[PDB]
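Trainee: Sharing a structure, written as structure tokens. Questions coming.
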Amino acid sequence: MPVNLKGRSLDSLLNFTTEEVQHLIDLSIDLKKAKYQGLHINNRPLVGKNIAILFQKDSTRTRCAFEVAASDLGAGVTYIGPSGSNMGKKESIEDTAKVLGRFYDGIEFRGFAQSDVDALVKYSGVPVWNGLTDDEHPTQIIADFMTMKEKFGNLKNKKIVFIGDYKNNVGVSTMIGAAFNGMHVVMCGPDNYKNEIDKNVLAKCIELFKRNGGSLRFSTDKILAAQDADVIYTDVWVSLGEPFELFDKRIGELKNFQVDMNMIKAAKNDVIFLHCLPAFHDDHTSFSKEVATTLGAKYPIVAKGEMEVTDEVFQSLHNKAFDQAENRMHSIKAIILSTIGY
Amino acid sequence: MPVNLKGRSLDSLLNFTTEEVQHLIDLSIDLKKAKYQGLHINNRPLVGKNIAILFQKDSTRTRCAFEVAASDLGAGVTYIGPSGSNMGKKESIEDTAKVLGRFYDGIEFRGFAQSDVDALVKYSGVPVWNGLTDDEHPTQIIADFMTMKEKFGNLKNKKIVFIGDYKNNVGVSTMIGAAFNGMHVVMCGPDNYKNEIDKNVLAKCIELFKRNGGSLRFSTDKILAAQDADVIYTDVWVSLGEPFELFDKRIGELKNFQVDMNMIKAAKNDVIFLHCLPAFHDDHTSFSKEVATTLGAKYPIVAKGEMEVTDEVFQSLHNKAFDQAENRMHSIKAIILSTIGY
Amino acid sequence: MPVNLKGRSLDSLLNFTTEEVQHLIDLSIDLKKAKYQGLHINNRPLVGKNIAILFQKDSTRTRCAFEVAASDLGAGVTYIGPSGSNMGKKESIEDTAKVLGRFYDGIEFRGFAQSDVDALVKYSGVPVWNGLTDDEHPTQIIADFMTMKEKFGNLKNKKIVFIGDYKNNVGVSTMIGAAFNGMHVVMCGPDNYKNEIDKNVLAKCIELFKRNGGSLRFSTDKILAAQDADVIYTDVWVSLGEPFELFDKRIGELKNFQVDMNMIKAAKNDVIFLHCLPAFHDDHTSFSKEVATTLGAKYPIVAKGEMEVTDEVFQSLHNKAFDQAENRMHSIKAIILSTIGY
Amino acid sequence: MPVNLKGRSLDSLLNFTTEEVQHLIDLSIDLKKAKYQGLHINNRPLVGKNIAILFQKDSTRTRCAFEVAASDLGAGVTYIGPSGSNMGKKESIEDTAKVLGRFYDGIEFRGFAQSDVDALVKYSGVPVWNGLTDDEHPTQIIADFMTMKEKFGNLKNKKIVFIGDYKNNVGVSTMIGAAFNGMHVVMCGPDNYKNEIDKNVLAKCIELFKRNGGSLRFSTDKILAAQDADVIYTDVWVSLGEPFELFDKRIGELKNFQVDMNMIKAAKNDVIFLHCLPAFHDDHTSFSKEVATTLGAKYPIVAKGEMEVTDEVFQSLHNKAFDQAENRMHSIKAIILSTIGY
Amino acid sequence: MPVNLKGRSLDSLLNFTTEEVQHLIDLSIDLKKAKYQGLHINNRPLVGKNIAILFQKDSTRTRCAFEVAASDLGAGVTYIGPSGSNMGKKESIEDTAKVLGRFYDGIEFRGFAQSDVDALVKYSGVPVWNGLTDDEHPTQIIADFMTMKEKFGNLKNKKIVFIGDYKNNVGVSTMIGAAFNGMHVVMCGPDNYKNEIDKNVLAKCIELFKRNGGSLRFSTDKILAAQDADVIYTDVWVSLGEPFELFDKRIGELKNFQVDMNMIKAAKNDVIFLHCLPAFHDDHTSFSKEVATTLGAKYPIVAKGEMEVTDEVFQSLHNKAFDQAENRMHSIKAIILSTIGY
């Protein structure tokens, strides 16, 4: 049956065939190639359309990626920040979704609850796109593996390690991606952490690996993990907006999974480093200086501002985080185009 | 005399002729029919023009209506939120008006003080649109009577009930529209509310009824007011951010004016229900639940979280509140276009 | 060597030649004249280009100028206010700069640290425009001297007085631009203010007066300095948010420098009055009313709420401050087009 | 919800809301007026799309309506005749369906099996439009009630008589349209036909009458039925052509239900005559004359060529069947455009 | 030389270089990606050209591929069915050919006689495209090897099995494409079929294997053949339909060459299934069931409807035959565009 994403919402990537997901990634690349030639100047297929982008919490990368992709396509965009994006408080989300559907041809939404995305999908009647929830980061997934495909070509049987807080939405998304791409994933970090990943998500990925040809293995040894890894992907240890008592705990249980030059050269030569950013990889930020000062005793790794990754790795030819960053815009453009349709 | 809105401001609707208002309601209908055909793609008369839309207070519905209308026409729009839209504090409003008028070709402004709108109109030198004040909600009026006209055709002598806190800007806005369209209004609710309605406005409406047909009447009985009504229009009982001590008082005065199925069933078979939204008609809002919980026993009417309208009505075929939400965009488009001119 | 501004950043006007600055002033007038003919309706050279404009402190005037300038040229803009515009808190400005460079073709930045503009110029690899720093207000300089030239023609050897807190960024930016236009500058205010101005800036400005003409004198007497002046330019006495001990101190030091009709009478008949706005010239602002109330006793100049300029002057035909504001837009458009290229 | 038919198939009209069906009717009218102005010359929203129109059995009127509609809109069209439109023998319907969806943006299908329309909707994944099956004629319904609304305006509580073989596809379809429009329908013909009408269609119809306000009724008497009827709709008795003995039995059962000037006169001054055509209202047709021959007696009615209607009636100012025909095209356009989207 | 197919006819693929055939494949892919972006809307290179597509025998898939391709490109198309596409009886092929070339810019032809394609190439003097003859299927070859290159990338030294009636047009065509792509082909079926394969085609193929690096081979065993095979390509056994006795002899000879899950499993994890369709992989087809009836025994395989492939196989993730189908169109476009020229 035809890859036809016209009218679909991008709520969870798991609601999509392996073929539909490979389409999106391919289209992302094609659309990036077209822009470098200036083909977007005379060919703006969404003129006469508008999308709203809602953020219950600020996301500079995701908002800019939508703003630019929509704009390059010919669409008008209206950005609603946190002040205006709050849901179910002074109006039910059912009703907010039904109105947005009367004004706009597509709705982007970034908030904590997947149920909120769900109501948005059910009641608006237009394509809804998940800009990031507690459960998932679908647009970033596409950007991530598009980045990998540009580097290595077909991804089947290539190996990727998500090290760090792998039970969180990025980590779980990365696993989802690898499943669709038939890659060997190694979720590397604390052992306890596996136990907190939705059991339905795992099942689907495990089928996906069967069908597409990867594997899902867990791991506690950073250097073991990196063996023949083509890709090493990590993420912050600390969520912004919580107490140091919870920092203490978190950096404690993760302090052995910092990505450093050992881990990199323990992998392949042409291994690439991914991170969705921001990353704390030195002391250039006040938040960094803060952590390295108040906990730079109790823990030597953070003593230099660095947490999930060493400035040495971050400044190395291995780091593709910035290409990955640019690709947020190209892949979101593929999502909007396929769903709204030319 | 020619219906020439070119250059005009929508400060207050009472500053326009019956012919002009009707031309606005009709243009609104035409503009929407044109959009359903895709005619806004090639035909974009405001390319080269920019409007500023100021909001001293967040209004999601009015802002999206303005952004989509102006985008569809080919206008650039710069949204200015509560932080940006202050007047009289850091700079005279007379001064701000003048500057705004150097940059933009039209100005929207939603704020508490109608005198802020008058200053903008006087010193900007461009068309100013009142997005909502304490006095009147002019763009809302065109949307509402357009919805009615779409449903019913010529409104002359048709009957409308505005029920509840009818003395607020929305109730008064509705009476003004009923006047302009020769309708019979019954303002339904507490009897001393009528003492609150500005006397100059009352008089201008009295003159309009004499001219266009219809009439003005106050009623304290919801089921008697409904007899033979084509339209029942309600609104919220609470002013968000007012003291909860003031809530309890109001809901005490209005406890007998909640729109239920008995009310709909007393009006014409073909009656339609309006509400400018958001409405509290269930318990899917936080505020709804804390009303249900604190006041639910004392006023069993809000036990389920419903206030001005029951969910039973809200979910019926009578509710045209979402077409009325939709029409905010079409009518505001007729306003921008007519006022700025092709 | 040519006026090849293409690819440049407007970081500080002092990194430009006299010839490049005239060119920007001249292009601004040309762009202003083409808009009035409506030439911007079919001639939109930046279609397919996008800019990000960051403000870490609301700056209505500068924002609107960029938004309308970019729009008229055909570029998309995405506005990032104070919450999103933070640098060095949770990410290094170097990392942030690198990503904006992936998404945008140009970046505007308004913030206190000039070192942040530097960072952005260095790391983004795309034209960055200083929206305003503690050090300088380059876009405002082009708008201002444009305005004078529109009025007097060739500016060489004409007389401008900057009166008041002449050691602030506006007074100092005014001095810079007067040197670029070879004008006779008189900085009129308390004697020790000159000791507070950066010494290198003075060096550079003096070398400019040497090449272009004009001169740089200091004055303590508003009537004497106003002699033969073609332009009198002033600014607020207060930094808003700043406490009182510093406020009462300022108004105390400045009380002999309120620009009044007498001063204007001492100037050429042709004199024009400039102010970047907002100005406190009457009691129509809540703030200037707290000043009349509390301090209007100790200081009768501010008893009517007027400080740096009297309402009589500000309502006079000498006041070109409003043309000046309009020109913020035309000049910013010149900066965007030279710098991005057609 | 929102009236958003984008992506939908027109498989049965019953799969749509009263709101969607009205929108389809109203948009049809708008598209007709737009064509009369020549707006289709420069405004062609479907350029870059392609539709396939398959006919298992020729259907001149429907095919032409699709061809002009799609061309007017800018779409390419592939016509596939009986020989090509063959489902199930050479290849499974499921299979064929899945290919068509790889090539085309929309598919029309005229065949006998409704189950064939369903497979095409399921398997192609593009909009499918029922061109006419044994069970329903949804493009024809929109045309008729469009034609009626053009003459009478709001249709609610107006009277339409379907007389003849009222249990066939056209009768049941007229009944369906009458419910969506809240009219009184009178199904007039042989008593036992109401027993061959799908009980579910009926229930669904009763529900719509409950909601829109018509009613259903069965008559056996042409004159009692015509009382106060705004519309009289008939159809052929003889679908050619099993023998000339089922004709015997059909004219046999139908002989008293011919539409003549008696019936029209018994209906309103204002009544109109509808007929999907071809009609048999005289001998100008050879098939007609072969009936006049083989059956002029027994049955004296069909002796002169006329069958379901008298040439006397077909020629009166009452007959709108050619307006009903032109409308086939306008309404298919609204269905193509809504369903594909501009 | 230069890859310049401008002016050329696609009469036999063997009349083309390995370089030209690759170009046709690669351009097909490029055209597909371009369509997914909507680049065909504003970029229509063949506006002002017209092509005739004649079919001596219906061929739904090929006709539709030509119709969408030409329309996408901006060309008019005249479809001429069996009755019209008659060569040699009413008028000499030479004559007809010479007229067509006076009217059309290109001509497609689907008939049995290759000699008919040759006369059209000689006499019309415009590009002619072989839509399928008894000897070859050149548009189909480009589609298949396009589909294979999309899945596997560079095709050189990959293994493809053609199993079934491998001496018919489709088999020999697959063999030809396999040589141009330097793959190992295994022709698997009844031992004596290799004796009905034109000796010149073979020689030409051997030469290409010498140059591109594949090889040719004959098998009689489905499982030995599938060893390390990337692609398994089959086709129908029964072209309907001489009697039901040649079927006897065909299923007779072909009964051991059915494609089942055994064979797939004996081939690679990664293998794909191709089939030009329609396939007979179940009973959903009436022609299929008439086989299950008349021949369920002798032959137990065709008892359940399946013939050349098992419904079990047709439904696996291995079957790419619908991607192979979509590709018919993309590749005919590359052939139309190369041959007519932009």
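Going by the structure tokens order, chains are called A, B, ..., each with residues numbered from 1, while ligands are numbered from 1 in the order shown.
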Using only C-alpha atoms and a distance of at most 6 Å, pull out the residues of chain C that contact chain A, as a list in words.

Mentor: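 Within 6 Å of chain A on chain C, we get residues 48, 88, 89, 90, 91, 92 and 102 of chain C.
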
Trainee: Using DSSP secondary structure from the backbone, list all strand (DSSP E) positions within region 204-313 of chain E, as an MDAnalysis selection string.

Mentor: chainID E and resid 218:219 231:234 272:275

Trainee: The selected residues should be written to file as an mmCIF file, in the first residue's frame (atoms: N, CA, C and O atoms).

Mentor:
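Heads up, here's the output in part.cif:
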data_model
loop_
_atom_site.group_PDB
_atom_site.id
_atom_site.type_symbol
_atom_site.label_atom_id
_atom_site.label_comp_id
_atom_site.auth_asym_id
_atom_site.auth_seq_id
_atom_site.Cartn_x
_atom_site.Cartn_y
_atom_site.Cartn_z
ATOM 1 N N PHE E 218 21.246 -21.436 -16.196
ATOM 2 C CA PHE E 218 19.938 -22.079 -16.223
ATOM 3 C C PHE E 218 19.762 -23.080 -15.089
ATOM 4 O O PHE E 218 20.628 -23.908 -14.831
ATOM 5 N N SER E 219 18.644 -22.984 -14.388
ATOM 6 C CA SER E 219 18.367 -23.946 -13.341
ATOM 7 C C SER E 219 17.069 -24.681 -13.633
ATOM 8 O O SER E 219 16.284 -24.300 -14.511
ATOM 9 N N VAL E 231 17.184 -11.113 -5.447
ATOM 10 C CA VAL E 231 15.884 -10.874 -6.046
ATOM 11 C C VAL E 231 15.331 -12.141 -6.661
ATOM 12 O O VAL E 231 16.058 -12.884 -7.326
ATOM 13 N N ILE E 232 14.038 -12.370 -6.440
ATOM 14 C CA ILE E 232 13.311 -13.448 -7.089
ATOM 15 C C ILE E 232 12.143 -12.840 -7.851
ATOM 16 O O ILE E 232 11.251 -12.235 -7.259
ATOM 17 N N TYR E 233 12.165 -13.005 -9.171
ATOM 18 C CA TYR E 233 11.201 -12.400 -10.085
ATOM 19 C C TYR E 233 10.401 -13.505 -10.776
ATOM 20 O O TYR E 233 10.984 -14.410 -11.375
ATOM 21 N N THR E 234 9.074 -13.447 -10.697
ATOM 22 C CA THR E 234 8.240 -14.437 -11.384
ATOM 23 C C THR E 234 7.178 -13.778 -12.265
ATOM 24 O O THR E 234 7.130 -12.559 -12.412
ATOM 25 N N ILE E 272 14.064 -9.780 -2.047
ATOM 26 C CA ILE E 272 12.768 -9.175 -2.366
ATOM 27 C C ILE E 272 12.035 -9.975 -3.447
ATOM 28 O O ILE E 272 12.648 -10.665 -4.247
ATOM 29 N N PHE E 273 10.717 -9.862 -3.479
ATOM 30 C CA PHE E 273 9.925 -10.514 -4.514
ATOM 31 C C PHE E 273 9.419 -9.494 -5.544
ATOM 32 O O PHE E 273 8.829 -8.479 -5.177
ATOM 33 N N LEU E 274 9.662 -9.744 -6.827
ATOM 34 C CA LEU E 274 9.122 -8.880 -7.878
ATOM 35 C C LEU E 274 8.147 -9.662 -8.748
ATOM 36 O O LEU E 274 8.269 -10.882 -8.876
ATOM 37 N N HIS E 275 7.193 -8.948 -9.348
ATOM 38 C CA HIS E 275 6.162 -9.532 -10.205
ATOM 39 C C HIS E 275 5.452 -8.395 -10.944
ATOM 40 O O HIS E 275 4.933 -7.472 -10.311
#

Trainee: Would you mind telling me which residue in A:210, A:137, A:217, A:23 lies nearest to residue 162 (chain A) when using only C-alpha atoms?

Mentor: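 Checking each candidate against residue 162 (chain A), we get A:217 as the closest.
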
Trainee: From region 136-295 of chain A, collect each residue whose DSSP state is alpha helix (DSSP H) and return the set as a VMD selection string.

Mentor: chain A and resid 138 to 152 169 to 180 199 to 212 222 to 225 244 to 254 261 to 265 286 to 294

Trainee: Excluding residue 222 (chain C) and any residue of its chain fewer than 6 positions from it, enumerate the residues within 8 Å of it, using only C-alpha atoms, and give them as a PyMOL selection string.

Mentor: chain C and resi 163+188-189+256-257+259+263

Trainee: Just the residues within 12 Å of residue 18 (chain B), please, counting only C-alpha atoms, with nothing from its chain fewer than 4 positions along; format it as an MDAnalysis selection string.

Mentor: chainID B and resid 3 13:14 22:25 176:182 204:205 207:209 211:213

Trainee: Grab the residues selected above and save them as a short mmCIF file (atom, residue, chain, number, x, y, z; two decimals), in the first residue's frame with N, CA and C atoms.

Mentor:
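The result, written out as again.cif:
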data_model
loop_
_atom_site.label_atom_id
_atom_site.label_comp_id
_atom_site.auth_asym_id
_atom_site.auth_seq_id
_atom_site.Cartn_x
_atom_site.Cartn_y
_atom_site.Cartn_z
N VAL B 3 -20.94 53.38 0.59
CA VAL B 3 -20.44 52.61 1.72
C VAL B 3 -18.93 52.52 1.59
N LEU B 13 -18.81 49.94 17.16
CA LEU B 13 -19.71 49.68 16.05
C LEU B 13 -20.77 50.78 15.89
N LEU B 14 -21.08 51.46 16.99
CA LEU B 14 -22.15 52.46 17.01
C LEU B 14 -21.73 53.67 16.20
N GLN B 22 -23.95 45.93 7.79
CA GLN B 22 -24.53 44.87 6.96
C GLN B 22 -23.62 44.54 5.79
N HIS B 23 -22.91 45.54 5.33
CA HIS B 23 -21.96 45.34 4.28
C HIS B 23 -20.82 44.53 4.88
N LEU B 24 -20.41 44.86 6.10
CA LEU B 24 -19.41 44.03 6.77
C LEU B 24 -19.85 42.56 6.94
N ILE B 25 -21.06 42.33 7.44
CA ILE B 25 -21.55 40.96 7.60
C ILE B 25 -21.59 40.19 6.28
N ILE B 176 -26.25 45.66 20.80
CA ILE B 176 -25.90 46.58 19.72
C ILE B 176 -26.06 45.92 18.35
N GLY B 177 -25.70 44.64 18.25
CA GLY B 177 -25.81 43.91 17.00
C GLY B 177 -27.27 43.62 16.67
N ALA B 178 -28.05 43.27 17.69
CA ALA B 178 -29.48 43.05 17.53
C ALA B 178 -30.14 44.34 17.03
N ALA B 179 -29.73 45.47 17.61
CA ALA B 179 -30.22 46.74 17.11
C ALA B 179 -29.91 46.88 15.62
N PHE B 180 -28.63 46.79 15.24
CA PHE B 180 -28.23 46.98 13.83
C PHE B 180 -28.96 46.06 12.85
N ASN B 181 -29.45 44.92 13.34
CA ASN B 181 -30.11 43.94 12.47
C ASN B 181 -31.64 43.84 12.59
N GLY B 182 -32.25 44.82 13.26
CA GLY B 182 -33.69 44.83 13.50
C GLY B 182 -34.24 43.63 14.27
N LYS B 204 -28.77 54.85 21.83
CA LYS B 204 -28.40 54.66 20.42
C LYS B 204 -29.05 53.39 19.87
N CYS B 205 -29.18 52.38 20.73
CA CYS B 205 -29.82 51.12 20.37
C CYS B 205 -31.31 51.30 20.23
N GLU B 207 -32.79 54.03 19.33
CA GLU B 207 -32.95 54.67 18.03
C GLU B 207 -32.84 53.65 16.89
N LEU B 208 -31.86 52.75 16.98
CA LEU B 208 -31.68 51.72 15.94
C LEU B 208 -32.88 50.78 15.81
N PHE B 209 -33.49 50.37 16.93
CA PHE B 209 -34.68 49.50 16.87
C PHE B 209 -35.83 50.23 16.21
N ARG B 211 -35.57 52.25 13.96
CA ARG B 211 -35.23 52.45 12.56
C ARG B 211 -35.28 51.14 11.76
N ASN B 212 -34.69 50.08 12.33
CA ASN B 212 -34.48 48.80 11.64
C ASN B 212 -35.51 47.72 11.99
N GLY B 213 -36.29 47.94 13.05
CA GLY B 213 -37.21 46.94 13.55
C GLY B 213 -36.68 46.29 14.81
#

Trainee: Rounded to one decimal, what separation in Å do you get between CA of residue 161 (chain E) and CA of residue 186 (chain E)?

Mentor: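 Between these atoms lies a distance of 4.7 Å.
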
Trainee: If you measure from CA of residue 238 (chain C) to CA of residue 268 (chain C), what distance in Å do you get, rounded to one decimal?

Mentor: 28.7 Å

Trainee: Could you check how far CA of residue 31 (chain E) sits from CA of residue 334 (chain A), in Å to one decimal?

Mentor: 17.3 Å

Trainee: Neighbouring residues of residue 196 (chain D) were defined as those with any atom within 12 Å, considering only C-alpha atoms; residues of the same chain fewer than 5 positions away were excluded. Please report them as a ChimeraX atom specification.

Mentor: /D:135,165-169,171-172,190-191,201-202

Trainee: Restrict the selected residues to N, CA, C and O atoms and save them as a PDB file, in the first residue's frame.

Mentor:
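That gives us selection-v6.pdb:
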ATOM      1  N   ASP D 135     -26.687   0.393  -5.048  1.00  0.00           N
ATOM      2  CA  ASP D 135     -27.227   0.832  -3.759  1.00  0.00           C
ATOM      3  C   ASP D 135     -27.391   2.334  -3.598  1.00  0.00           C
ATOM      4  O   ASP D 135     -28.193   2.772  -2.780  1.00  0.00           O
ATOM      5  N   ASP D 165     -40.479   3.681  -9.658  1.00  0.00           N
ATOM      6  CA  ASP D 165     -39.769   2.568  -9.050  1.00  0.00           C
ATOM      7  C   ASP D 165     -38.956   3.086  -7.856  1.00  0.00           C
ATOM      8  O   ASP D 165     -37.733   3.108  -7.893  1.00  0.00           O
ATOM      9  N   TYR D 166     -39.652   3.494  -6.795  1.00  0.00           N
ATOM     10  CA  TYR D 166     -39.025   4.252  -5.713  1.00  0.00           C
ATOM     11  C   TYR D 166     -38.069   3.456  -4.839  1.00  0.00           C
ATOM     12  O   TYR D 166     -37.435   4.024  -3.959  1.00  0.00           O
ATOM     13  N   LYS D 167     -37.958   2.153  -5.083  1.00  0.00           N
ATOM     14  CA  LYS D 167     -37.060   1.284  -4.307  1.00  0.00           C
ATOM     15  C   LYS D 167     -35.691   1.103  -4.976  1.00  0.00           C
ATOM     16  O   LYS D 167     -34.787   0.514  -4.390  1.00  0.00           O
ATOM     17  N   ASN D 168     -35.547   1.575  -6.213  1.00  0.00           N
ATOM     18  CA  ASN D 168     -34.260   1.505  -6.904  1.00  0.00           C
ATOM     19  C   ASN D 168     -33.246   2.464  -6.283  1.00  0.00           C
ATOM     20  O   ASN D 168     -33.556   3.171  -5.315  1.00  0.00           O
ATOM     21  N   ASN D 169     -32.038   2.497  -6.835  1.00  0.00           N
ATOM     22  CA  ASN D 169     -30.995   3.388  -6.309  1.00  0.00           C
ATOM     23  C   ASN D 169     -31.356   4.888  -6.245  1.00  0.00           C
ATOM     24  O   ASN D 169     -31.121   5.532  -5.232  1.00  0.00           O
ATOM     25  N   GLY D 171     -34.392   6.458  -6.185  1.00  0.00           N
ATOM     26  CA  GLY D 171     -35.379   6.711  -5.153  1.00  0.00           C
ATOM     27  C   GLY D 171     -34.784   6.777  -3.747  1.00  0.00           C
ATOM     28  O   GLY D 171     -34.944   7.768  -3.020  1.00  0.00           O
ATOM     29  N   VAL D 172     -34.087   5.718  -3.358  1.00  0.00           N
ATOM     30  CA  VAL D 172     -33.498   5.667  -2.032  1.00  0.00           C
ATOM     31  C   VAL D 172     -32.509   6.808  -1.813  1.00  0.00           C
ATOM     32  O   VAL D 172     -32.360   7.305  -0.692  1.00  0.00           O
ATOM     33  N   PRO D 190     -45.920   1.226  -6.317  1.00  0.00           N
ATOM     34  CA  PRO D 190     -46.378  -0.110  -5.921  1.00  0.00           C
ATOM     35  C   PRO D 190     -46.185  -0.361  -4.428  1.00  0.00           C
ATOM     36  O   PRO D 190     -45.096  -0.155  -3.906  1.00  0.00           O
ATOM     37  N   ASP D 191     -47.239  -0.810  -3.759  1.00  0.00           N
ATOM     38  CA  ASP D 191     -47.240  -0.965  -2.307  1.00  0.00           C
ATOM     39  C   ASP D 191     -46.071  -1.795  -1.752  1.00  0.00           C
ATOM     40  O   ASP D 191     -45.497  -1.462  -0.714  1.00  0.00           O
ATOM     41  N   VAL D 201     -30.757   1.890   6.039  1.00  0.00           N
ATOM     42  CA  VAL D 201     -30.901   3.171   5.377  1.00  0.00           C
ATOM     43  C   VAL D 201     -32.091   3.891   5.996  1.00  0.00           C
ATOM     44  O   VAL D 201     -32.004   5.065   6.367  1.00  0.00           O
ATOM     45  N   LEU D 202     -33.195   3.163   6.133  1.00  0.00           N
ATOM     46  CA  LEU D 202     -34.435   3.711   6.674  1.00  0.00           C
ATOM     47  C   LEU D 202     -34.248   4.273   8.077  1.00  0.00           C
ATOM     48  O   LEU D 202     -34.599   5.418   8.350  1.00  0.00           O
TER      49      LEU D 202
END
